[PDB]
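Here's the structure, in structure tokens; my notes come after.
Atom set for the values below is all heavy atoms of this structure, side chains included, hydrogens, waters and symmetry mates excluded. A, B, ... follow the sequence lines: proteins, then strands. Residue 1 opens every chain.
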Amino acid sequence: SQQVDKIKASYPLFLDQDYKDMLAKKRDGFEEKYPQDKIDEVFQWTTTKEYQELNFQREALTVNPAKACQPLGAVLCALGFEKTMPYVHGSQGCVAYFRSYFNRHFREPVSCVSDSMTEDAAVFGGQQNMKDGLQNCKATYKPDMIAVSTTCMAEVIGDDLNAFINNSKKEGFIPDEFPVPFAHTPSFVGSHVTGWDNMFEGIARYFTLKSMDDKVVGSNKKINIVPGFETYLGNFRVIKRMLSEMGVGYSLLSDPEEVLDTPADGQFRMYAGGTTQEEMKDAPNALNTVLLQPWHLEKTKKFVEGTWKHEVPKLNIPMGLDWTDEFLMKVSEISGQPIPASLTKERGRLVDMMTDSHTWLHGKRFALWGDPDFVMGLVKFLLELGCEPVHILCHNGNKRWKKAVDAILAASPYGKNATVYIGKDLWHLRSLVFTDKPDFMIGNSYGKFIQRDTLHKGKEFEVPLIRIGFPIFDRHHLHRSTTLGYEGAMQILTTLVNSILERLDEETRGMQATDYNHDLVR
Amino acid sequence: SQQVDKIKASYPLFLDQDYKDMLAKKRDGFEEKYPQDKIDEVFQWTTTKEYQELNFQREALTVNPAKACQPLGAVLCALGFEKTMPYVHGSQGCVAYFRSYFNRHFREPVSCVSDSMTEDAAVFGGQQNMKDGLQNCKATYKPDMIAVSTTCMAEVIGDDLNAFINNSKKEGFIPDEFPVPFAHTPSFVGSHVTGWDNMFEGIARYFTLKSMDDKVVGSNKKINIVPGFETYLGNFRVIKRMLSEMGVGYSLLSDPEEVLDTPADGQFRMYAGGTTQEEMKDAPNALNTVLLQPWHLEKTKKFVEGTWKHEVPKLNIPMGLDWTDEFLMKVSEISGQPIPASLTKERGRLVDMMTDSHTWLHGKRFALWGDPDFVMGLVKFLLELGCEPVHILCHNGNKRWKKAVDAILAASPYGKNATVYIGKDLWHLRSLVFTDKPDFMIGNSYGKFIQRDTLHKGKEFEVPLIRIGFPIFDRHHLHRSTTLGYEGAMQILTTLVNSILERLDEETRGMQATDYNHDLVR
Amino acid sequence: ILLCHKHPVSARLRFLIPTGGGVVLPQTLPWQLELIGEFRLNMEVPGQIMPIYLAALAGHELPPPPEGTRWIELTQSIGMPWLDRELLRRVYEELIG
Amino acid sequence: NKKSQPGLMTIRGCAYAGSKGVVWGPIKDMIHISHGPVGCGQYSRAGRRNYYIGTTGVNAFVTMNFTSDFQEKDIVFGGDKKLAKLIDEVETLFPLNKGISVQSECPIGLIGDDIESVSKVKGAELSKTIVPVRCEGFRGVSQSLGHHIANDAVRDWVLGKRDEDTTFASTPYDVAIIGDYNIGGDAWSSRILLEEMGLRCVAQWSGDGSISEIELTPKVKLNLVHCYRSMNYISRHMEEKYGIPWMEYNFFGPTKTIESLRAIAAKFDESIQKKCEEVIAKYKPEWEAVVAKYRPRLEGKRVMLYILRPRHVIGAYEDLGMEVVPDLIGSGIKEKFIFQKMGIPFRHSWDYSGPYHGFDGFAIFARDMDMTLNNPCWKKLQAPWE
Amino acid sequence: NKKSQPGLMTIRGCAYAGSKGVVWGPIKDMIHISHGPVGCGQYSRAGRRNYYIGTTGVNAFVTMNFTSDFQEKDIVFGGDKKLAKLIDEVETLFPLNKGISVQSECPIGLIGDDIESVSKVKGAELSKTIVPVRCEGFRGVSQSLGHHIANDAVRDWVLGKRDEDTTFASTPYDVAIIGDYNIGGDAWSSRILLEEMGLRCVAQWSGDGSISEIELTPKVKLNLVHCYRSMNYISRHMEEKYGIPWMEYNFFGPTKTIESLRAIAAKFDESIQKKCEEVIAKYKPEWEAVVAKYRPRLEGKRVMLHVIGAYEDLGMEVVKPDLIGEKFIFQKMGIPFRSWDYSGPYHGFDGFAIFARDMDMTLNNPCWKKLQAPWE
Ligand SMILES: C[C@H](CCC(=O)NCCC[N+](C)(C)CC(O)CS(=O)(=O)O)[C@H]1CC[C@H]2[C@@H]3[C@H](O)C[C@@H]4C[C@H](O)CC[C@]4(C)[C@H]3C[C@H](O)[C@]12C
Ligand code: ICS
Ligand code: ICS
Ligand code: CLF
Ligand code: CLF
Ligand SMILES: [Fe+3]
Ligand SMILES: [Fe+3]
């Protein structure tokens, strides 16, 4: 039943008595459900430490992973170039899932095509698929460039991207001069950040490898900036703004913030902004190349140091205070530009906010997860705030990254109770937060379910989720936030302290029970 | 009892059994408290429509007001000028309260002095207090200018500010050429915004009244911007940024964002930035003067139009979409500068965000309160979003402002269930949100108690608070937010939609009860 | 003699004045009491120069006023003639100021 | 049902999406392993709003993501041993699961993996129903072949489990809801109407579906199929094997809902018809009030739809006086923001709203259509200075 | 205790802040009208953290702001009729209030308003205790005169309300906590120790204070004063009138807490002394563990400032100070700074743990070590 004055959506319409009775009848008569006491007992068991021992003994089963596959990152990297079409040679379902994922995170159109590889392609190969797809894509969407990645199907059957594209150009399906960079992105190796790295390395090799004879390091007096897999448009914006404030000539390669923030003015823009092909061709002439996320840009670093002859600085992600300082100092040293007074004032204002909120931030326990560089930057900033990152999870991390994060934690008194987990999923983290309860957990939207689980054990066991990372699906416009630089640290600090304050306000809203601490001033 | 491993603050230390027993013994033995069922009955009565009728018949009692007194606004206006000391001629307790209030809102040092008028001043006046205070303030803090307001003491005893300052200059307590603008700010007239208006008019008169012979309108090809009582530094910043993007020369009179955001670098800065005396003296030479918050800048508008001969445009507060558009068009018309493509792109991005969030925002019921211009701008933006304002409360509003807001509501189909209240306090709003429950409240920190009260009636009756306005005491760094322009509209939209989504997530977090609607993608 | 009590903690200055008129003691102007040496004031009455000194009542508790006398504050002097108001102001400035 | 042109932004999904995402995933008490690399399981995790009641992680697992997480060694050497070890770990960590399905991703059918033998061996060892689904994404041209493969798996592994069991107490009013995936509670809104008609909904899958309901489906008297495209295979098989007639029911909009209710009641005796008339009379004022409120705001508007068989959603749009051919367009999330960029009001996922089926869902549908079509945001696309 | 120099930045409050903010406001079951313009009541609303137990708006009104909201007409023609109508409306809308105080702001005493007569008339008519407080802010040099005026109002209108009432059953272990305003729950942390000692805290005001507790205060055997500066007037008055001895107790730091507990127990018989010894023995391991955890990370640090003992118990010198006990100015200078801001309790053994943790948190926070930009 519905009242037209107040129409109820699914919640709380299905809380109505008739719906409750119908659901109870269904469950009791035909679902053959386990008894509620047995369900409660099993849940309590899953919250225990012995269940954690069983869970961490997993070798073949992955439950709720915290990573994606390479071609998603390859598509994201391809989206950062001017009038460039991401083209995933392989099955269509992969591209549909990539587009849906990025649409849900960014709430923007995401352009990506597939050559619709099918059983016939599984038998004889996707060469005809590649030719037809490249021709159709160029004719229909008129891109300046087509960046080709692969699905697991094409990698497993062993399609040669180079030979396929060469045959497509040779037989006249696409012009010989049309830029078609490619990258092999096996979804069974690494993660989405690895795919981003592979796509960027392939594009750089396509545009620079054969024309290094006339390239001189430092000719254009610019600094190449490779952001890596980044899903915060504010990160690109803050990097560009800080480098413009410094007066530093820069080339931001794979800049997708324009195409992911197109205005609504009655016209659909298929492409917007992006790194130009001239910028990629002139990249070796830069003074140096700075990798914003070096821990998933290893192949890019190898190519840039080995081919462009760029002495890539050993820089952490510019996240927090110390690492933003080191990034700014390295940029100043490379470019010869002093750090302007505006950036010094912004750093001082970030320090002022840290001083303002240290009373509420100090000693707070956090379980966090995400990509390696983002996770280590968040851990560094939390240590700078006096917080305790007790559970550090990175499903796509490696042993070297774990060693680096352990070294970072050992350098801080607030990392004593911190453990770094690599190759673990969010079920492992659910066990960790049940057995060693943190105050909060920082991660993507997939953490919300964990919070639900904790709330099922009790309100006192609930671990609230702070949504920083990728992907964020249950909130709107968080992709516009910033996590890099002093501005990103400021936003992160505000989010953390305000989350602590909402949690305290909720815990003290009980009248005549806990409202004695429901302070107006905090 | 405290465990050194897990130390408990007041919450939840006083929830311990021993503390509960001690509090129960204290209540039962000596407090002579009313019975618990009896308190419950009285509370339920206070939530009723009969109690609302009894509440709205109040004529002499004000409970939980939503306004401050004039000298606070005068101090805020004075802080916006370069090397200017706010000086409240009157009693010291007023200055102490003003400083504490602004310190708690901004989490920054706030400079303000008093002449410590006491019983001797109550009997003889504060002329000697004025002389000594001006001399000591100039000697101790070395301000370029001392901006003088009044407490209710000096207004009641009829202290002549002009005569007192002139006698102080005559007798050598301060130099004759030292700028000492003054304004009478009776705390029993209007509110803090009235004090801001009075202080700004006094400063402008002091700097321009006697030198209008050599002033020609449009000589400096700039536009004067008067922000009014503004406690969001982001609003000053966004106004300046939008004017710079348009290429429009501007003079932001009373700009306190620098002194209210001093960086922490081991050095304390009493003064920072602010409108210079040259800018005030050259203000009549501007093309026009634009009042950001016209509904509390009546005296400023009268002085600007009657002395500077500026044709002040009929502009609303640049809040939301339509009014920001109108402000930009008026600035373009006055200055001759076209609106650049960057501002058009920002407007389109705001429209895109509105389109993305309209499904969650449409039909939501809001009870809001604050200053008149801020309240009307928020109402206009909510009508633009398809939301339904139901209780529009402005304690310091007047009949003309209420008529304007009613005209705005009548122009939109989403204002049919909207009622505007002027002269009503937050107890009236508590009655309103009990009897006619909205989805959310939008207001300062003082609304949190109202939320608590609603939660005491039941979880289904709880009205969550959204902290937009002044003062915000229980959150950190919200004063850095923006409410003006497209940027402020995006920030407000994000806050509203994410508050809605957070409330929905909280309501659907119950496992096997309501978590069928705990959607990952929202 | 001008009689007053200043509290050692709150610095509340109460003046012991005749209940009829004026503030001077023991006569209309034409306990452990300690004299304030730094305070001196002279009034030119016809044919005589008259000095008036300040006596401070020591302790924490205000004693009840004798007959015909009252304890008043500076604010309570509103409406009283200017001369003794100024005398009270001088005492207040010396003691409180 | 032809091959889509390569490189033309095809909107169709894969066989895995049509099998795991659509048919098998909503089954709450079963655990569904996305066999292969991590991407397919990650992108499909909780993507569809197939609503269910249960304790997630204990007895329900719909929004969970179980995957074998194939690495390079699993591609090179196969993943059958890994599949067996994963099944053992699933049993040891989720003991209350009432069945396991293994949905194959693309590499499974290419590296010559034999998941059927592993499924049989582990099911015999654990006395558990393990359903191998060869829903490799490269198979077929869309999710239709995924639906077909998932239906064949249901028929071959779950449907006939209770063929020799006659202990179920059957009534003449036994119906099974097939093909309703409970998007935002659509199946619940249909089931409340069906049960208020005096019918007993014995089975309801996939949406809010249990494996026991799939096994009990051959015991029903009528099969009410919501989505013909995805479950026509199983409906036809059930008709030719158990002699169970199947009919398509449309509960989208009051007119189609009333017509379908009368058509369903016409398959039973007079008491069911009387209860159908009673239900229609009871719900007439509610949808009449919804129409009176929202039709004036929506009369004359034009709609184009590209999402299923046509005329399914046309009835509800006509019930609001909305001409169907634009003031509104209904498609997926991938085209949603594109048509938003064109500035045309836009409404698969039901835009995180619902239910839209039945009388209760009609109110939500009308409110959502009015909200999207009449939102002021669509009137602010043009900058007033342009 | 002299007038502050005019034109200087000082943190001194007014008599209204001393009376309404400190002494009268924490009384939970009473309604306090800030008589005058809106500002004084608005800025003082919930400013101090005088913790209390009660249903706000029904039977407790500490965090609420009742004001006359004086307009120009009220200034010109007086606000006595407005005060009477306001009292009637207060009784109408808040029936469960156990008393009304009228705290005067600056204009009330300057326009010749007689709130004493209005209070007497309305209290006689409504059978309610209405306490007029002549706490005009211009009176006095600081909040000390506010404390004095509020204490005088307590004595004149509330304290003697049960002078002839002998229906209260008294025990030899009757004590009243005076001058503790329960900042973050300090008074509760003191009261738990006092009642563990075998004493019966009959009265505890202002913090978490009821008007009945004030009326019962003259019936106790000992008056334990926390803040001598604000309540010495009422303490001496009770000593001279009811013959009740008063002593200052200091529960700040384990050493001072132990000394104060023993001093209080010395006033009573041997059983109270034995209970005090049991309390000290029970709480010894907890504060010893707190010291063992926090003193090594706080030893030798200099503090620039009753509260000495807790700092010494953490091994901190008191006087380049590492901490200063004007908060934001010292914050800008870069020296850690510590009514308690947003934490507490700090008194008692339970409060000592919070005090030590907060001192370690503020003094050793990395934010103080990041002031200097690495390139400057
Ligand atoms: C008793 C319960 C099973 C009950 C059952 O068999 N229900 C079958 C459902 C069917 N019925 C009976 C409830 C309905 C009917 O069929 C009615 S009828 O017969 O058709 O008339 C068994 C099965 C799974 C077991 C838990 C898990 O191992 C994890 C864990 C391991 C630890 O070491 C010890 C604790 C834990 C929690 C175990 C406890 C307990 O040991 C559980 C709940
Ligand atoms: S199954 Fe099909 S795409 Fe028939 S794959 Fe798809 S829950 Fe659509 S038009 Mo998403 S043939 Fe169902 C469908 Fe229709 S997932 Fe749902 S809405 S009625
Ligand atoms: S009342 Fe006094 S100034 Fe005794 S006016 Fe002041 S909450 Fe201080 S040293 Mo603020 S005599 Fe209390 C005080 Fe002490 S406001 Fe608090 S900290 S213990
Ligand atoms: S058509 Fe379908 S969704 Fe595509 S792979 Fe094939 S079953 Fe799966 Fe999977 S991990 Fe990523 S998303 Fe692919 S490239 Fe492979
Ligand atoms: S010293 Fe004290 S706080 Fe000051 S006024 Fe006087 S009682 Fe009050 Fe009040 S409304 Fe504003 S803050 Fe004043 S100017 Fe008057
Ligand atoms: Fe968008
Ligand atoms: Fe600050």
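The backbone N or O of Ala183(A) lies less than 3.5 Å from no partner atom in the side chain of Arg205(A), so there is not a single donor-acceptor pair. Looking only at distances, no side-chain donor or acceptor of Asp159(A) sits under 3.5 Å from a matching main-chain atom of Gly125(A). When atom types are taken as modelled, the side chain of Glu89(D) and the backbone of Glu59(A) share a donor-acceptor pair closer than 3.5 angstrom. In this structure a side-chain-to-backbone donor-acceptor pair under 3.5 Å is missing from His35(D) to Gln103(D). Between the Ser187(A) side chain and the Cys69(A) main chain, no donor and acceptor come within less than 3.5 Å of each other. Listed for the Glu136(D) side chain is no donor-acceptor partner under 3.5 Å among the backbone atoms of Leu110(D). At distances below 3.5 Å, not a single donor-acceptor pair connects side-chain atoms of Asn65(D) with backbone N or O atoms of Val63(A).
Using a 4.0 Å cut-off between charged side-chain N and carboxylate O, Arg134(D) and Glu116(D) make a salt bridge.
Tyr87(A) contributes atom OH, which lies 7.5 Å from atom OG of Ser114(A) (distance to the nearest 0.5 angstrom). Rounding to the nearest 0.5 angstrom, the gap separating the OG1 atom in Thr63(D) from the CZ atom in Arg49(D) is 13.5 Å.
Side-chain atoms of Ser44(D) and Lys20(D) include a donor-acceptor pair closer than 3.5 Å. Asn136(A) and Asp132(A) share no donor-acceptor pair across their side chains, judged by distance under 3.5 Å alone. Side-chain N/O atoms of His32(D) and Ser101(D) include a donor and acceptor closer than 3.5 Å. No hydrogens or angles considered: nothing links the side chains of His296(A) and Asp371(A) as a donor-acceptor pair under 3.5 Å. Of the N and O atoms on the side chains of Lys299(A) and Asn198(A), at least one donor lies less than 3.5 Å from an acceptor on the other residue. Looking only at atom types and distance, the side chain of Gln277(A) has no donor-acceptor partner in the side chain of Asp144(A) under 3.5 Å away. Defined by atom type and a distance below 3.5 Å, a donor-acceptor pair is present between the side-chain atoms of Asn444(A) and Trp369(A). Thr275(A) and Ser254(A) share no side-chain donor-acceptor pair at under 3.5 Å. One side chain, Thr10(D) or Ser4(D), offers a donor N or O that lies under 3.5 Å from an acceptor on the other.
In this view, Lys301(A) satisfies the side-chain hydrogen bond (donor to acceptor under 3.5 Å, both in side chains) rule with no residue, not counting sequence neighbours.
In this structure, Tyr43(D) and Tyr97(A) have tilted ring planes: the angle between them lies in the 30° to 60° band. Under the 30°/60° scheme for interplanar angles, the aromatic rings of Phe66(D) and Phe94(D) are found to stand perpendicular. Note: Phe470(A) and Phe102(A) have tilted aromatic rings, judged against thresholds of 30 and 60 degrees for the angle between ring planes. A perpendicular orientation is assigned to the rings of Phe164(A) and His89(A), their planes being inclined by more than 60° (bins at 30° and 60°).
Side chains of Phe138(D) and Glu119(A) form a contact here, defined as non-hydrogen atoms less than 4.5 Å apart. In this structure, the side chains of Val156(A) and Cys106(D) stay at 4.5 Å or more apart for every pair of heavy atoms.
For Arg309(D) and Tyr228(D), the positive end is not near the middle of the six-membered ring at less than 6.0 Å and at most 45° from its axis.
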Taking distance alone, no hydrogens or angles, what donor-acceptor pairs closer than 3.5 Å link side-chain atoms of residues 73-84 of chain D to residues at least two apart or in another chain?
residue, atom, partner, partner atom, Å
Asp74(D), OD2, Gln71(D), N, 2.7
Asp74(D), OD2, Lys82(D), NZ, 3.0
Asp80(D), OD2, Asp114(D), N, 3.3
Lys82(D), NZ, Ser68(D), O, 2.8
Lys82(D), NZ, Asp69(D), O, 3.2

Residue pair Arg58(A), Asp425(A): steps toward the salt bridge (charged side-chain N to carboxylate O under 4.0 Å, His left out) verdict: CA-CA 10 Å; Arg58(A) 267 192 286 133; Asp425(A) 44 59; 2.7 Å; yes

Determine, stepwise, if the pair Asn1(D) / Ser144(D) fulfils side-chain contact (heavy atoms from CB on, under 4.5 Å). CA-CA 8 Å; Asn1(D) 204 37; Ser144(D) 326; 4.1 Å; yes

Walk me through whether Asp88(D) and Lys85(D) qualify under salt bridge (charged side-chain N to carboxylate O under 4.0 Å, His left out). CA-CA 5 Å; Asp88(D) 280 305; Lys85(D) 178 70 208 320; over 6 Å; no

